[PDB]
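Data block for my_file07.cif (mmCIF, N, CA and C atoms (P, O5', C5', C4', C3', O3' and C1' of nucleotides)):
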data_my_file
#
loop_
_atom_site.label_atom_id
_atom_site.label_comp_id
_atom_site.auth_asym_id
_atom_site.auth_seq_id
_atom_site.Cartn_x
_atom_site.Cartn_y
_atom_site.Cartn_z
N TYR A 520 23.33 -14.81 10.56
CA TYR A 520 22.94 -13.96 9.45
C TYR A 520 21.48 -13.51 9.52
N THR A 521 21.25 -12.24 9.22
CA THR A 521 19.93 -11.63 9.25
C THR A 521 19.39 -11.52 7.83
N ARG A 522 18.25 -12.17 7.56
CA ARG A 522 17.67 -12.15 6.22
C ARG A 522 17.35 -10.72 5.80
N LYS A 523 17.46 -10.46 4.49
CA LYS A 523 17.32 -9.11 3.95
C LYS A 523 16.22 -9.07 2.90
N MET A 524 15.20 -8.25 3.15
CA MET A 524 14.14 -8.02 2.18
C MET A 524 14.70 -7.55 0.84
N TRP A 525 13.97 -7.86 -0.22
CA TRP A 525 14.37 -7.46 -1.56
C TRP A 525 13.91 -6.03 -1.82
N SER A 526 14.83 -5.18 -2.25
CA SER A 526 14.51 -3.80 -2.60
C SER A 526 13.80 -3.75 -3.94
N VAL A 527 13.11 -2.63 -4.18
CA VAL A 527 12.42 -2.44 -5.45
C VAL A 527 13.40 -2.51 -6.61
N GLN A 528 14.61 -1.96 -6.43
CA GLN A 528 15.59 -1.97 -7.50
C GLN A 528 16.11 -3.38 -7.76
N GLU A 529 16.33 -4.16 -6.70
CA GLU A 529 16.77 -5.54 -6.86
C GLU A 529 15.73 -6.36 -7.63
N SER A 530 14.45 -6.21 -7.26
CA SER A 530 13.38 -6.88 -8.00
C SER A 530 13.33 -6.41 -9.45
N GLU A 531 13.54 -5.11 -9.68
CA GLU A 531 13.51 -4.60 -11.04
C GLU A 531 14.67 -5.15 -11.86
N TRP A 532 15.87 -5.23 -11.26
CA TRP A 532 16.98 -5.90 -11.93
C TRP A 532 16.61 -7.31 -12.34
N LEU A 533 15.95 -8.05 -11.44
CA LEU A 533 15.63 -9.45 -11.73
C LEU A 533 14.64 -9.55 -12.88
N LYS A 534 13.61 -8.70 -12.87
CA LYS A 534 12.65 -8.68 -13.96
C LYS A 534 13.34 -8.38 -15.30
N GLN A 535 14.23 -7.38 -15.33
CA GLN A 535 14.93 -7.08 -16.58
C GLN A 535 15.86 -8.22 -16.97
N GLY A 536 16.44 -8.92 -15.99
CA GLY A 536 17.23 -10.09 -16.31
C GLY A 536 16.42 -11.18 -16.98
N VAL A 537 15.21 -11.44 -16.49
CA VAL A 537 14.36 -12.45 -17.12
C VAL A 537 14.03 -12.03 -18.55
N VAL A 538 13.68 -10.75 -18.73
CA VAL A 538 13.43 -10.22 -20.07
C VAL A 538 14.65 -10.43 -20.96
N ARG A 539 15.84 -10.06 -20.46
CA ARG A 539 17.03 -10.04 -21.30
C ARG A 539 17.59 -11.44 -21.58
N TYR A 540 17.49 -12.37 -20.61
CA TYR A 540 18.15 -13.67 -20.74
C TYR A 540 17.24 -14.88 -20.54
N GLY A 541 15.99 -14.69 -20.13
CA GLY A 541 15.06 -15.81 -20.01
C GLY A 541 14.97 -16.41 -18.62
N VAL A 542 13.76 -16.81 -18.23
CA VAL A 542 13.58 -17.44 -16.93
C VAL A 542 14.45 -18.69 -16.84
N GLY A 543 14.97 -18.96 -15.64
CA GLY A 543 15.86 -20.08 -15.45
C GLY A 543 17.32 -19.81 -15.74
N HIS A 544 17.67 -18.70 -16.40
CA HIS A 544 19.07 -18.35 -16.60
C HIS A 544 19.59 -17.52 -15.42
N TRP A 545 19.49 -18.08 -14.20
CA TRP A 545 19.71 -17.28 -13.00
C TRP A 545 21.16 -16.81 -12.86
N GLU A 546 22.12 -17.67 -13.19
CA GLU A 546 23.52 -17.27 -13.04
C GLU A 546 23.89 -16.17 -14.03
N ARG A 547 23.37 -16.25 -15.26
CA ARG A 547 23.62 -15.18 -16.23
C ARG A 547 23.00 -13.87 -15.75
N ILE A 548 21.78 -13.93 -15.22
CA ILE A 548 21.12 -12.73 -14.74
C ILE A 548 21.89 -12.11 -13.58
N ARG A 549 22.36 -12.95 -12.65
CA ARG A 549 23.13 -12.45 -11.52
C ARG A 549 24.38 -11.71 -11.98
N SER A 550 25.07 -12.23 -13.00
CA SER A 550 26.29 -11.58 -13.45
C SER A 550 26.01 -10.30 -14.24
N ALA A 551 24.81 -10.15 -14.79
CA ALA A 551 24.47 -8.97 -15.57
C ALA A 551 24.16 -7.75 -14.71
N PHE A 552 23.97 -7.90 -13.41
CA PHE A 552 23.60 -6.77 -12.56
C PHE A 552 24.42 -6.81 -11.28
N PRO A 553 24.61 -5.67 -10.61
CA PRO A 553 25.47 -5.64 -9.41
C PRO A 553 24.76 -6.15 -8.15
N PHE A 554 24.25 -7.37 -8.21
CA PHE A 554 23.63 -7.99 -7.04
C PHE A 554 24.68 -8.19 -5.94
N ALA A 555 24.51 -7.53 -4.81
CA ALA A 555 25.45 -7.65 -3.70
C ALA A 555 24.77 -8.43 -2.58
N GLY A 556 25.17 -9.67 -2.40
CA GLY A 556 24.57 -10.50 -1.37
C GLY A 556 23.35 -11.28 -1.81
N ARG A 557 23.26 -11.65 -3.08
CA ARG A 557 22.20 -12.51 -3.60
C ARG A 557 22.84 -13.59 -4.46
N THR A 558 22.51 -14.85 -4.20
CA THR A 558 22.98 -15.94 -5.04
C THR A 558 21.99 -16.23 -6.15
N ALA A 559 22.44 -17.00 -7.14
CA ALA A 559 21.56 -17.42 -8.23
C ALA A 559 20.36 -18.20 -7.72
N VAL A 560 20.53 -18.98 -6.64
CA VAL A 560 19.37 -19.62 -6.03
C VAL A 560 18.47 -18.57 -5.39
N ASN A 561 19.05 -17.54 -4.77
CA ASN A 561 18.22 -16.46 -4.21
C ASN A 561 17.34 -15.85 -5.29
N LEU A 562 17.91 -15.61 -6.48
CA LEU A 562 17.13 -15.02 -7.58
C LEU A 562 16.02 -15.96 -8.03
N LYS A 563 16.33 -17.26 -8.15
CA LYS A 563 15.30 -18.22 -8.53
C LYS A 563 14.14 -18.19 -7.54
N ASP A 564 14.45 -18.15 -6.25
CA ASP A 564 13.39 -18.14 -5.24
C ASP A 564 12.61 -16.82 -5.28
N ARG A 565 13.31 -15.70 -5.43
CA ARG A 565 12.62 -14.42 -5.52
C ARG A 565 11.68 -14.38 -6.72
N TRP A 566 12.12 -14.92 -7.86
CA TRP A 566 11.23 -14.96 -9.03
C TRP A 566 9.96 -15.73 -8.71
N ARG A 567 10.09 -16.92 -8.12
CA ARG A 567 8.91 -17.66 -7.68
C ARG A 567 8.02 -16.78 -6.80
N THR A 568 8.62 -16.07 -5.84
CA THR A 568 7.83 -15.20 -4.98
C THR A 568 7.16 -14.08 -5.77
N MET A 569 7.88 -13.48 -6.74
CA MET A 569 7.29 -12.39 -7.51
C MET A 569 6.16 -12.89 -8.40
N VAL A 570 6.29 -14.10 -8.95
CA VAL A 570 5.22 -14.67 -9.76
C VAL A 570 3.95 -14.83 -8.92
N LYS A 571 4.09 -15.35 -7.70
CA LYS A 571 2.92 -15.56 -6.86
C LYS A 571 2.29 -14.24 -6.44
N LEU A 572 3.10 -13.22 -6.19
CA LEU A 572 2.57 -11.91 -5.82
C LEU A 572 2.10 -11.10 -7.02
N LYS A 573 2.24 -11.63 -8.24
CA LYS A 573 1.83 -10.99 -9.48
C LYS A 573 2.66 -9.74 -9.79
N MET A 574 3.97 -9.91 -9.96
CA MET A 574 4.86 -8.79 -10.29
C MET A 574 5.74 -9.09 -11.51
"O5'" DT B 1 26.69 -23.75 -11.99
"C5'" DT B 1 26.10 -23.37 -13.22
"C4'" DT B 1 24.68 -23.87 -13.29
"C3'" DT B 1 23.68 -23.08 -12.45
"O3'" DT B 1 22.83 -22.34 -13.29
"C1'" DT B 1 23.43 -25.47 -12.15
P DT B 2 21.67 -21.41 -12.67
"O5'" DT B 2 20.37 -22.33 -12.75
"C5'" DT B 2 20.02 -22.96 -13.98
"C4'" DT B 2 18.85 -23.92 -13.78
"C3'" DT B 2 17.60 -23.31 -13.15
"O3'" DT B 2 16.46 -23.89 -13.78
"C1'" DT B 2 18.32 -25.12 -11.83
P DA B 3 14.97 -23.43 -13.41
"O5'" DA B 3 14.38 -24.70 -12.65
"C5'" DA B 3 14.52 -25.98 -13.23
"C4'" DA B 3 13.53 -26.95 -12.63
"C3'" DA B 3 12.19 -26.36 -12.23
"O3'" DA B 3 11.21 -27.38 -12.36
"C1'" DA B 3 13.48 -26.93 -10.27
P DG B 4 9.67 -27.09 -11.98
"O5'" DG B 4 9.58 -27.55 -10.47
"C5'" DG B 4 9.76 -28.91 -10.17
"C4'" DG B 4 9.80 -29.13 -8.67
"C3'" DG B 4 8.66 -28.46 -7.89
"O3'" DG B 4 8.21 -29.36 -6.90
"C1'" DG B 4 10.71 -27.91 -6.95
P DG B 5 6.72 -29.27 -6.33
"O5'" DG B 5 6.86 -29.91 -4.88
"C5'" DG B 5 7.62 -31.09 -4.70
"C4'" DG B 5 8.41 -31.02 -3.41
"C3'" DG B 5 7.61 -30.55 -2.18
"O3'" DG B 5 7.63 -31.55 -1.14
"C1'" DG B 5 9.67 -29.35 -2.39
P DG B 6 6.99 -31.25 0.30
"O5'" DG B 6 8.19 -30.61 1.14
"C5'" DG B 6 9.39 -31.34 1.33
"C4'" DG B 6 10.36 -30.58 2.22
"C3'" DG B 6 9.77 -30.10 3.55
"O3'" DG B 6 10.74 -30.27 4.57
"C1'" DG B 6 10.67 -28.27 2.38
P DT B 7 10.40 -29.86 6.09
"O5'" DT B 7 11.15 -28.48 6.30
"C5'" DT B 7 12.55 -28.46 6.26
"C4'" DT B 7 13.08 -27.09 6.58
"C3'" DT B 7 12.71 -26.55 7.96
"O3'" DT B 7 13.90 -26.06 8.56
"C1'" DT B 7 12.18 -24.97 6.30
P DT B 8 13.94 -25.62 10.10
"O5'" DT B 8 13.84 -24.02 10.02
"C5'" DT B 8 14.94 -23.26 9.54
"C4'" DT B 8 14.64 -21.78 9.61
"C3'" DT B 8 14.06 -21.30 10.96
"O3'" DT B 8 14.40 -19.94 11.17
"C1'" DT B 8 12.55 -20.83 9.30
P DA B 9 15.71 -19.53 11.99
"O5'" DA B 9 15.81 -17.95 11.76
"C5'" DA B 9 15.91 -17.42 10.43
"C4'" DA B 9 15.08 -16.15 10.28
"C3'" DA B 9 14.89 -15.32 11.56
"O3'" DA B 9 14.67 -13.97 11.21
"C1'" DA B 9 12.80 -16.07 10.85
P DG B 10 15.88 -12.92 11.14
"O5'" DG B 10 15.15 -11.59 10.64
"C5'" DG B 10 14.47 -11.60 9.40
"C4'" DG B 10 13.09 -10.98 9.52
"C3'" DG B 10 12.92 -9.94 10.63
"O3'" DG B 10 12.02 -8.97 10.17
"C1'" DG B 10 11.31 -11.56 10.90
P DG B 11 12.59 -7.60 9.57
"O5'" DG B 11 11.31 -6.92 8.89
"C5'" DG B 11 10.73 -7.48 7.71
"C4'" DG B 11 9.21 -7.49 7.79
"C3'" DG B 11 8.56 -6.22 8.36
"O3'" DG B 11 7.23 -6.12 7.88
"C1'" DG B 11 8.07 -8.00 9.75
P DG B 12 6.83 -5.10 6.70
"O5'" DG B 12 5.28 -5.43 6.45
"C5'" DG B 12 4.90 -6.74 6.03
"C4'" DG B 12 3.51 -7.10 6.53
"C3'" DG B 12 2.57 -5.93 6.77
"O3'" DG B 12 1.23 -6.35 6.51
"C1'" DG B 12 2.98 -7.03 8.83
"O5'" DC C 1 3.47 -13.59 21.13
"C5'" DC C 1 3.44 -14.58 20.11
"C4'" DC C 1 2.13 -14.52 19.34
"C3'" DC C 1 1.90 -15.67 18.40
"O3'" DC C 1 0.54 -15.68 18.04
"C1'" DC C 1 2.51 -13.77 17.14
P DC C 2 -0.18 -17.03 17.58
"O5'" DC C 2 0.22 -17.17 16.03
"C5'" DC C 2 -0.43 -16.35 15.06
"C4'" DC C 2 0.31 -16.35 13.73
"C3'" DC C 2 0.75 -17.73 13.21
"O3'" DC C 2 0.62 -17.76 11.80
"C1'" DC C 2 2.60 -16.35 13.29
P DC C 3 -0.55 -18.60 11.09
"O5'" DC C 3 -0.63 -17.96 9.64
"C5'" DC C 3 -1.01 -16.60 9.49
"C4'" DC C 3 -0.09 -15.88 8.52
"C3'" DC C 3 0.16 -16.58 7.20
"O3'" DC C 3 0.28 -15.60 6.20
"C1'" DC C 3 2.22 -16.25 8.28
P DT C 4 0.02 -15.98 4.67
"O5'" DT C 4 1.41 -15.64 3.96
"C5'" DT C 4 1.98 -14.34 4.13
"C4'" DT C 4 3.47 -14.36 3.82
"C3'" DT C 4 3.85 -15.15 2.57
"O3'" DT C 4 4.94 -14.53 1.96
"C1'" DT C 4 5.00 -16.03 4.37
P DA C 5 4.83 -14.00 0.45
"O5'" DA C 5 6.19 -13.18 0.26
"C5'" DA C 5 6.50 -12.12 1.17
"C4'" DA C 5 7.95 -12.19 1.61
"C3'" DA C 5 8.98 -12.41 0.50
"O3'" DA C 5 10.16 -11.70 0.84
"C1'" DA C 5 9.06 -14.23 2.04
P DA C 6 11.43 -11.67 -0.14
"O5'" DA C 6 12.51 -12.54 0.63
"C5'" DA C 6 13.02 -12.05 1.86
"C4'" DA C 6 13.83 -13.11 2.55
"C3'" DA C 6 15.04 -13.62 1.77
"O3'" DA C 6 16.12 -13.72 2.67
"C1'" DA C 6 13.63 -15.43 2.39
P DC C 7 17.64 -13.88 2.18
"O5'" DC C 7 18.10 -15.22 2.91
"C5'" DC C 7 18.13 -16.41 2.20
"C4'" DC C 7 17.61 -17.53 3.06
"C3'" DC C 7 18.21 -18.89 2.73
"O3'" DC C 7 19.37 -19.12 3.52
"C1'" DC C 7 15.83 -19.02 2.98
P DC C 8 20.46 -20.20 3.04
"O5'" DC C 8 19.69 -21.59 3.17
"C5'" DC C 8 19.32 -22.08 4.43
"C4'" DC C 8 18.77 -23.47 4.31
"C3'" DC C 8 19.72 -24.50 3.70
"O3'" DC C 8 19.56 -25.70 4.38
"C1'" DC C 8 17.73 -24.44 2.45
P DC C 9 20.58 -26.92 4.12
"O5'" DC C 9 19.76 -27.90 3.15
"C5'" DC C 9 18.58 -28.53 3.63
"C4'" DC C 9 18.18 -29.66 2.70
"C3'" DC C 9 19.32 -30.50 2.15
"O3'" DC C 9 18.91 -31.84 2.11
"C1'" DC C 9 18.13 -29.51 0.35
P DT C 10 19.95 -33.01 1.74
"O5'" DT C 10 19.71 -33.24 0.18
"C5'" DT C 10 18.44 -33.69 -0.27
"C4'" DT C 10 18.38 -33.65 -1.77
"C3'" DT C 10 19.62 -34.22 -2.49
"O3'" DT C 10 19.18 -35.01 -3.55
"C1'" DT C 10 19.07 -32.13 -3.36
P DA C 11 19.70 -36.51 -3.78
"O5'" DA C 11 18.83 -36.94 -5.04
"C5'" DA C 11 17.42 -36.80 -4.98
"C4'" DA C 11 16.85 -36.39 -6.32
"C3'" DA C 11 17.39 -37.16 -7.52
"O3'" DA C 11 16.33 -37.35 -8.45
"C1'" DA C 11 17.91 -34.85 -7.77
P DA C 12 16.42 -38.45 -9.61
"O5'" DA C 12 16.94 -37.61 -10.87
"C5'" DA C 12 16.21 -36.46 -11.30
"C4'" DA C 12 17.03 -35.63 -12.27
"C3'" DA C 12 17.88 -36.44 -13.26
"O3'" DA C 12 17.79 -35.84 -14.55
"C1'" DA C 12 19.21 -34.86 -12.17
#
Since I need it in another form, could you write the structure as structure tokens?
Amino acid sequence: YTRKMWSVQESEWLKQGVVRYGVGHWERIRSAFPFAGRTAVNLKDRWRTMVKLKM
DNA sequence: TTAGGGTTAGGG
DNA sequence: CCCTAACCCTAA
């Protein structure tokens, strides 16, 4: 498997998920948007990465 | 099922 | 290259 960078839209979905359902509600956020090929753990890790990059 | 530490691969 | 974002491991 070849790792896949996060698109701007995927990151934006995740940000709106945190707004709508709260940090740590990763499985609810995943089901609220058409994430294709991202697990709830993937979202948790991406959020950590976005926090560090200030997004 | 998520939090947090650890791992690795691919792009800057 | 080699650093770091995208991954993995696992307690609770």
Pull out every residue of chain A sitting within 12 Å of chain B, counting only C-alpha atoms (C1' of nucleotides), and send them as a PDB file with N, CA and C atoms, in the frame of the given file.
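Below you can see part_16.pdb, which holds the result:
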ATOM      1  N   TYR A 520      23.330 -14.810  10.560  1.00  0.00           N
ATOM      2  CA  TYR A 520      22.940 -13.960   9.450  1.00  0.00           C
ATOM      3  C   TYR A 520      21.480 -13.510   9.520  1.00  0.00           C
ATOM      4  N   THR A 521      21.250 -12.240   9.220  1.00  0.00           N
ATOM      5  CA  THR A 521      19.930 -11.630   9.250  1.00  0.00           C
ATOM      6  C   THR A 521      19.390 -11.520   7.830  1.00  0.00           C
ATOM      7  N   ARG A 522      18.250 -12.170   7.560  1.00  0.00           N
ATOM      8  CA  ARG A 522      17.670 -12.150   6.220  1.00  0.00           C
ATOM      9  C   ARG A 522      17.350 -10.720   5.800  1.00  0.00           C
ATOM     10  N   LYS A 523      17.460 -10.460   4.490  1.00  0.00           N
ATOM     11  CA  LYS A 523      17.320  -9.110   3.950  1.00  0.00           C
ATOM     12  C   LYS A 523      16.220  -9.070   2.900  1.00  0.00           C
ATOM     13  N   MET A 524      15.200  -8.250   3.150  1.00  0.00           N
ATOM     14  CA  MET A 524      14.140  -8.020   2.180  1.00  0.00           C
ATOM     15  C   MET A 524      14.700  -7.550   0.840  1.00  0.00           C
ATOM     16  N   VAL A 542      13.760 -16.810 -18.230  1.00  0.00           N
ATOM     17  CA  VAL A 542      13.580 -17.440 -16.930  1.00  0.00           C
ATOM     18  C   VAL A 542      14.450 -18.690 -16.840  1.00  0.00           C
ATOM     19  N   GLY A 543      14.970 -18.960 -15.640  1.00  0.00           N
ATOM     20  CA  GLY A 543      15.860 -20.080 -15.450  1.00  0.00           C
ATOM     21  C   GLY A 543      17.320 -19.810 -15.740  1.00  0.00           C
ATOM     22  N   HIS A 544      17.670 -18.700 -16.400  1.00  0.00           N
ATOM     23  CA  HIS A 544      19.070 -18.350 -16.600  1.00  0.00           C
ATOM     24  C   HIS A 544      19.590 -17.520 -15.420  1.00  0.00           C
ATOM     25  N   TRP A 545      19.490 -18.080 -14.200  1.00  0.00           N
ATOM     26  CA  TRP A 545      19.710 -17.280 -13.000  1.00  0.00           C
ATOM     27  C   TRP A 545      21.160 -16.810 -12.860  1.00  0.00           C
ATOM     28  N   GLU A 546      22.120 -17.670 -13.190  1.00  0.00           N
ATOM     29  CA  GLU A 546      23.520 -17.270 -13.040  1.00  0.00           C
ATOM     30  C   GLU A 546      23.890 -16.170 -14.030  1.00  0.00           C
ATOM     31  N   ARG A 547      23.370 -16.250 -15.260  1.00  0.00           N
ATOM     32  CA  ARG A 547      23.620 -15.180 -16.230  1.00  0.00           C
ATOM     33  C   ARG A 547      23.000 -13.870 -15.750  1.00  0.00           C
ATOM     34  N   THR A 558      22.510 -14.850  -4.200  1.00  0.00           N
ATOM     35  CA  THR A 558      22.980 -15.940  -5.040  1.00  0.00           C
ATOM     36  C   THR A 558      21.990 -16.230  -6.150  1.00  0.00           C
ATOM     37  N   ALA A 559      22.440 -17.000  -7.140  1.00  0.00           N
ATOM     38  CA  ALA A 559      21.560 -17.420  -8.230  1.00  0.00           C
ATOM     39  C   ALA A 559      20.360 -18.200  -7.720  1.00  0.00           C
ATOM     40  N   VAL A 560      20.530 -18.980  -6.640  1.00  0.00           N
ATOM     41  CA  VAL A 560      19.370 -19.620  -6.030  1.00  0.00           C
ATOM     42  C   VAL A 560      18.470 -18.570  -5.390  1.00  0.00           C
ATOM     43  N   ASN A 561      19.050 -17.540  -4.770  1.00  0.00           N
ATOM     44  CA  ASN A 561      18.220 -16.460  -4.210  1.00  0.00           C
ATOM     45  C   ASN A 561      17.340 -15.850  -5.290  1.00  0.00           C
ATOM     46  N   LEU A 562      17.910 -15.610  -6.480  1.00  0.00           N
ATOM     47  CA  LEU A 562      17.130 -15.020  -7.580  1.00  0.00           C
ATOM     48  C   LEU A 562      16.020 -15.960  -8.030  1.00  0.00           C
ATOM     49  N   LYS A 563      16.330 -17.260  -8.150  1.00  0.00           N
ATOM     50  CA  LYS A 563      15.300 -18.220  -8.530  1.00  0.00           C
ATOM     51  C   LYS A 563      14.140 -18.190  -7.540  1.00  0.00           C
ATOM     52  N   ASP A 564      14.450 -18.150  -6.250  1.00  0.00           N
ATOM     53  CA  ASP A 564      13.390 -18.140  -5.240  1.00  0.00           C
ATOM     54  C   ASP A 564      12.610 -16.820  -5.280  1.00  0.00           C
ATOM     55  N   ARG A 567      10.090 -16.920  -8.120  1.00  0.00           N
ATOM     56  CA  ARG A 567       8.910 -17.660  -7.680  1.00  0.00           C
ATOM     57  C   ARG A 567       8.020 -16.780  -6.800  1.00  0.00           C
TER      58      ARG A 567
END
Applied to this file, what does the PyMOL selection byres ((chain C) within 7 of (chain A)) return in terms of residues, put as an mmCIF file with N, CA and C atoms (P, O5', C5', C4', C3', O3' and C1' of nucleotides), in the coordinates of the input?
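To be explicit, this is the file written out as result-v5.cif:
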data_model
loop_
_atom_site.group_PDB
_atom_site.id
_atom_site.type_symbol
_atom_site.label_atom_id
_atom_site.label_comp_id
_atom_site.auth_asym_id
_atom_site.auth_seq_id
_atom_site.Cartn_x
_atom_site.Cartn_y
_atom_site.Cartn_z
ATOM 1 P P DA C 5 4.830 -14.000 0.450
ATOM 2 O "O5'" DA C 5 6.190 -13.180 0.260
ATOM 3 C "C5'" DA C 5 6.500 -12.120 1.170
ATOM 4 C "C4'" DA C 5 7.950 -12.190 1.610
ATOM 5 C "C3'" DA C 5 8.980 -12.410 0.500
ATOM 6 O "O3'" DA C 5 10.160 -11.700 0.840
ATOM 7 C "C1'" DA C 5 9.060 -14.230 2.040
ATOM 8 P P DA C 6 11.430 -11.670 -0.140
ATOM 9 O "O5'" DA C 6 12.510 -12.540 0.630
ATOM 10 C "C5'" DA C 6 13.020 -12.050 1.860
ATOM 11 C "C4'" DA C 6 13.830 -13.110 2.550
ATOM 12 C "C3'" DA C 6 15.040 -13.620 1.770
ATOM 13 O "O3'" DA C 6 16.120 -13.720 2.670
ATOM 14 C "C1'" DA C 6 13.630 -15.430 2.390
ATOM 15 P P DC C 7 17.640 -13.880 2.180
ATOM 16 O "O5'" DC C 7 18.100 -15.220 2.910
ATOM 17 C "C5'" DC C 7 18.130 -16.410 2.200
ATOM 18 C "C4'" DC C 7 17.610 -17.530 3.060
ATOM 19 C "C3'" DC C 7 18.210 -18.890 2.730
ATOM 20 O "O3'" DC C 7 19.370 -19.120 3.520
ATOM 21 C "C1'" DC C 7 15.830 -19.020 2.980
#
Could you pull the residues within 6 Å of residue 536 in chain A, counting only N, CA and C atoms (P, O5', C5', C4', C3', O3' and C1' of nucleotides), minus those fewer than 5 positions along the same chain, as a list in words?
residues 531, 541 and 548 of chain A
CA of residue 550 in chain A to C1' of residue 10 in chain C: how many Å, to one decimal?
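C1' of residue 10 in chain C lies at a distance of 24.0 Å from CA of residue 550 in chain A.
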I'd like the interatomic distance between atom P of residue 4 in chain C and atom C of residue 574 in chain A, to a tenth of an Å.
18.5 Å
How far is it from CA of residue 529 in chain A to CA of residue 554 in chain A, in Å with one decimal?
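According to the coordinates, CA of residue 529 in chain A and CA of residue 554 in chain A are separated by 7.3 Å.
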Could you find all residues in chain A that DSSP calls alpha helix (DSSP H) from the backbone, and write them as JSON, numbers by chain?
{"A": [527, 528, 529, 530, 531, 532, 533, 534, 535, 536, 537, 538, 539, 540, 545, 546, 547, 548, 549, 550, 551, 559, 560, 561, 562, 563, 564, 565, 566, 567, 568, 569, 570, 571]}
Once you've located range 523-543 of chain A in the structure I gave, write it as a PDB file, in the first residue's frame, keeping N, CA and C atoms.
ATOM      1  N   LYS A 523      -1.157   7.993   1.269  1.00  0.00           N
ATOM      2  CA  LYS A 523      -1.829   9.039   0.504  1.00  0.00           C
ATOM      3  C   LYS A 523      -1.924  10.320   1.318  1.00  0.00           C
ATOM      4  N   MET A 524      -1.320  11.389   0.804  1.00  0.00           N
ATOM      5  CA  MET A 524      -1.436  12.706   1.416  1.00  0.00           C
ATOM      6  C   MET A 524      -2.896  13.117   1.587  1.00  0.00           C
ATOM      7  N   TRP A 525      -3.139  13.946   2.596  1.00  0.00           N
ATOM      8  CA  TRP A 525      -4.480  14.440   2.861  1.00  0.00           C
ATOM      9  C   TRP A 525      -4.762  15.646   1.974  1.00  0.00           C
ATOM     10  N   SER A 526      -5.883  15.602   1.261  1.00  0.00           N
ATOM     11  CA  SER A 526      -6.308  16.711   0.422  1.00  0.00           C
ATOM     12  C   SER A 526      -6.865  17.844   1.275  1.00  0.00           C
ATOM     13  N   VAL A 527      -6.911  19.039   0.680  1.00  0.00           N
ATOM     14  CA  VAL A 527      -7.463  20.191   1.390  1.00  0.00           C
ATOM     15  C   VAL A 527      -8.911  19.933   1.783  1.00  0.00           C
ATOM     16  N   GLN A 528      -9.674  19.259   0.914  1.00  0.00           N
ATOM     17  CA  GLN A 528     -11.076  18.992   1.222  1.00  0.00           C
ATOM     18  C   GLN A 528     -11.213  17.981   2.357  1.00  0.00           C
ATOM     19  N   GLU A 529     -10.361  16.955   2.360  1.00  0.00           N
ATOM     20  CA  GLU A 529     -10.385  15.974   3.443  1.00  0.00           C
ATOM     21  C   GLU A 529     -10.079  16.635   4.786  1.00  0.00           C
ATOM     22  N   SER A 530      -9.055  17.494   4.825  1.00  0.00           N
ATOM     23  CA  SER A 530      -8.751  18.240   6.045  1.00  0.00           C
ATOM     24  C   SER A 530      -9.909  19.155   6.437  1.00  0.00           C
ATOM     25  N   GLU A 531     -10.553  19.775   5.454  1.00  0.00           N
ATOM     26  CA  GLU A 531     -11.671  20.656   5.766  1.00  0.00           C
ATOM     27  C   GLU A 531     -12.850  19.869   6.321  1.00  0.00           C
ATOM     28  N   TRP A 532     -13.136  18.694   5.748  1.00  0.00           N
ATOM     29  CA  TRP A 532     -14.146  17.816   6.334  1.00  0.00           C
ATOM     30  C   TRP A 532     -13.830  17.515   7.792  1.00  0.00           C
ATOM     31  N   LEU A 533     -12.560  17.225   8.094  1.00  0.00           N
ATOM     32  CA  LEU A 533     -12.201  16.846   9.458  1.00  0.00           C
ATOM     33  C   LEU A 533     -12.399  18.010  10.416  1.00  0.00           C
ATOM     34  N   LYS A 534     -11.982  19.208  10.004  1.00  0.00           N
ATOM     35  CA  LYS A 534     -12.192  20.398  10.818  1.00  0.00           C
ATOM     36  C   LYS A 534     -13.684  20.623  11.093  1.00  0.00           C
ATOM     37  N   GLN A 535     -14.527  20.514  10.061  1.00  0.00           N
ATOM     38  CA  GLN A 535     -15.959  20.694  10.288  1.00  0.00           C
ATOM     39  C   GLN A 535     -16.524  19.578  11.160  1.00  0.00           C
ATOM     40  N   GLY A 536     -15.978  18.367  11.050  1.00  0.00           N
ATOM     41  CA  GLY A 536     -16.390  17.301  11.946  1.00  0.00           C
ATOM     42  C   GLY A 536     -16.092  17.615  13.400  1.00  0.00           C
ATOM     43  N   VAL A 537     -14.906  18.157  13.677  1.00  0.00           N
ATOM     44  CA  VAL A 537     -14.574  18.515  15.054  1.00  0.00           C
ATOM     45  C   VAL A 537     -15.525  19.595  15.553  1.00  0.00           C
ATOM     46  N   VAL A 538     -15.784  20.604  14.715  1.00  0.00           N
ATOM     47  CA  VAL A 538     -16.758  21.642  15.053  1.00  0.00           C
ATOM     48  C   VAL A 538     -18.112  21.021  15.360  1.00  0.00           C
ATOM     49  N   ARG A 539     -18.585  20.130  14.480  1.00  0.00           N
ATOM     50  CA  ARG A 539     -19.952  19.625  14.583  1.00  0.00           C
ATOM     51  C   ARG A 539     -20.127  18.599  15.699  1.00  0.00           C
ATOM     52  N   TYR A 540     -19.113  17.765  15.968  1.00  0.00           N
ATOM     53  CA  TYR A 540     -19.264  16.654  16.909  1.00  0.00           C
ATOM     54  C   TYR A 540     -18.227  16.597  18.023  1.00  0.00           C
ATOM     55  N   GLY A 541     -17.198  17.438  18.002  1.00  0.00           N
ATOM     56  CA  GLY A 541     -16.235  17.475  19.088  1.00  0.00           C
ATOM     57  C   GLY A 541     -14.997  16.626  18.871  1.00  0.00           C
ATOM     58  N   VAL A 542     -13.844  17.129  19.319  1.00  0.00           N
ATOM     59  CA  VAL A 542     -12.607  16.372  19.191  1.00  0.00           C
ATOM     60  C   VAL A 542     -12.743  15.040  19.919  1.00  0.00           C
ATOM     61  N   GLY A 543     -12.125  14.003  19.362  1.00  0.00           N
ATOM     62  CA  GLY A 543     -12.237  12.682  19.930  1.00  0.00           C
ATOM     63  C   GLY A 543     -13.431  11.870  19.467  1.00  0.00           C
TER      64      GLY A 543
END
